[PDB]
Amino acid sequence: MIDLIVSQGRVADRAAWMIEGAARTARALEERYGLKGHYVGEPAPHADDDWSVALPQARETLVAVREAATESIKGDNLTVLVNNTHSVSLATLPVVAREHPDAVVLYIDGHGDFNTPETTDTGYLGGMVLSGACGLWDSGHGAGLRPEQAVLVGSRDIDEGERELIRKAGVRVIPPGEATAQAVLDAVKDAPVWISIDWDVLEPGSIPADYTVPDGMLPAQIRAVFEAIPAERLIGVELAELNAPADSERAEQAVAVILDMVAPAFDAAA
């Protein structure tokens, strides 16, 4: 009752091992839950490039993920996307918002990912994902997510230019110390729920991601979110940005923590 989709094409990756980390996470889920992943996209080396070149390069992978996610969302399984980078959500979030216009998105992330081409100082596509899905800028992959239905969970050291866009759009922010079961349940109210997680939300030192933001959420807080959301309301879950070689000891330890965090939801759907 889980549909596993795995991105393996480059989508703006600047870190070296996020494709391998997605592959390793997928394999752990296949072994634990008896699944067969649907693998999409062809790998490519990482690079420190501007969004205006990385985004066109990623079109084929993004369209293939959109197609697979749409097929799963139309049916009754729990849609689970294991994504190399959070930028895959530029393709999936518009599908979620079109299919489930009543859904609330829990965007669980150490950053706000709310920059636009005008505000970004890095040029990094991964910092523009949520603003793209909400239509503040045109990614070429659609929009349609109402910012009133998007909730940033765990975000912290947000710069003031990005915080200004967040407040103007009306995106709610729950900081890590406040991201308890009660607060997340208050945020989703009575709506179907989509969860999109970037592992940089966590306190650094456990799961290697791309960015290291101090004073993050603990793994037990993530598990408490998955325990609190009723299975009947959970549409799907995206897991992004494990940065570890697929053959490494660290990828093995990291997937163990990941499996523990997601077990309340995935066990219910298994």
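Residue numbers here begin at 1 and follow the sequence given.
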item: Residue range whose averaged C-alpha B-factor is higher in the record, 157-165 or 176-184; value: 157-165
item: Between the two ranges 258-266 and 13-21, the one averaging a larger CA B factor in the entry; value: 258-266
item: Most elevated Cα B-factor in the entry, residues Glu241, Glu67, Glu31, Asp50; value: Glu31
item: Selection from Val63, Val201, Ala228, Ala26 [criterion: highest C-alpha temperature factor in the record]; value: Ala228
item: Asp76 CA temperature factor, ranked by third within the chain; value: highest
item: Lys189 - Cα temperature factor, lowest/middle/highest third of chain; value: highest
item: Chain third (lowest, middle, highest) by recorded CA B-factor, residue given as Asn115; value: middle
item: Chain third (lowest, middle, highest) by recorded CA B-factor, residue given as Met1; value: highest
item: Among modelled residues of the same chain, the CA temperature factor third for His38; value: highest
